[PDB]
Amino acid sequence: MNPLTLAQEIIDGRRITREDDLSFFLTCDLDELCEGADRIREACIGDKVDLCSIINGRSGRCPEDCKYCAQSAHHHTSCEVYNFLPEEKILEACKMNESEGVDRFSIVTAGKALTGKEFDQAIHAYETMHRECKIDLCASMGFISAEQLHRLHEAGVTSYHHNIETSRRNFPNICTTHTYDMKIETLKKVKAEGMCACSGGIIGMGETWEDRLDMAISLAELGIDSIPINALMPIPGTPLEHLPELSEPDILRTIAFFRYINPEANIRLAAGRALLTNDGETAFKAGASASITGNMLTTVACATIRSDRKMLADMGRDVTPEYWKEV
C-alpha cells in the first residue's frame, strides 16, 4: 500500500475504518499523501472552496477550563468581555460578510451553553438575518438542547458547530469541566435535527499523531459534514501559551489524512492559518476544500477576505457564493 493507489481506491469507493492500519498515514511519504488527498478532494468535493465567517457574539467569562481558550475565566488573557451582542452589531457583520461574498456566517458564543434570554436574542438575530440577507447561517453555542437546535433550524440556521477539540484519550488533558462524551451527545442531536454538523478540533496542543488519527476516524464514524482543523494559536495567559507552534509539514500531513479518512467532508482550514505558507495555499492543494475567512474570536485575521478569495480564484478554485449566481 502506497498513498497514490490508496487515494485511487478511495476515489473508487473504499472507505477507511478504525480497523485499517492508520499508522500508514504517519510513516508514508508526505508529498505523495498530499497529492492523493488533493485527488480525493477533487473527486468528492470538486473545485468549490466554501468560505465561512464568524462573529464573537458573547466574549469571555466562560466557566469551563479548556486549556487553550482565551475566553475561559480561569485564565487572565487580553480578551474582550461582553454579554450577548446587540442585534445591530450582528447584522452589521452578517451584511459585511455577504458584501464580501462569503458563503456562510456564524454567531459564536463563549460559555458552557447559550440559554434563556440571550438565546432568544440570538434567535431574533437569526430571524432578521434570514429575512434581510442571503448568506447562509451557522451557530456555535456550546452544549444546547435538542429543542434549542430545532429553534435555530427553524430560524434559518443550517449548520451547528461543536468541536470535539481533541481525541477521546486526550480530552481530560485539555478540559476537566465537561467531557468528550458530552460533545458526542450534542453532535448526535445535530444530526437528528437534520442540520449540517461542523466538528473538528485543535492540533498542536500536545496530543500525539495517534490522537489526530483517532479524531479523524471518530468524526468519520459520525458522518461529520464539515471538519475545521485549527492549529493551536497559543494564547498569552493560558496554560498552553508556551507550546511551540506547529510546522507546515505537520499541519499538511494532518489535513491530508483527514481527507483520506473523511473523503466526502469539507476539510476546513480555521485558526492558525498564518502557520501555512501563503495563507494556506498549499493546504488547498493537499486535501482542504473550505476555510474560515476574516477575523476570528479574539485574534485577527491572517489576511483579508478579499485576499483569500483572490488567492483561491487565482489557483482555479470556485469561490462564487450561491447568492451571486443570478443566471
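Sequential numbering from 1, following the sequence displayed.
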Which has higher Cα B-factors on average according to the PDB entry: 269 to 277 or 285 to 293? 269 to 277
Out of 297 to 305 and 254 to 262, which stretch has the higher average CA B-factor listed in the record? 297 to 305
For the CA B factor values reported in this entry, which option in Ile203, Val81, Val190, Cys133 has the top one? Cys133
Of the choices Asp225, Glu165, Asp103, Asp214, which one's C-alpha carries the largest B-factor in the record? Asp225
Entry-reported C-alpha B-factor of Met129 relative to its chain, by third, is highest
Consider only the C-alpha atoms of the modelled residues in this chain, order them by B-factor as the entry records it, and name the third containing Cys66: lowest, middle or highest. lowest
For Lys117, does the deposited CA B-factor place it in the lowest, middle or highest third of the chain? highest
Among the modelled residues of this chain, does the Cα B factor of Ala110 put it in the lowest, middle or highest third? middle
Among modelled residues of the same chain, the CA temperature factor third for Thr179: middle
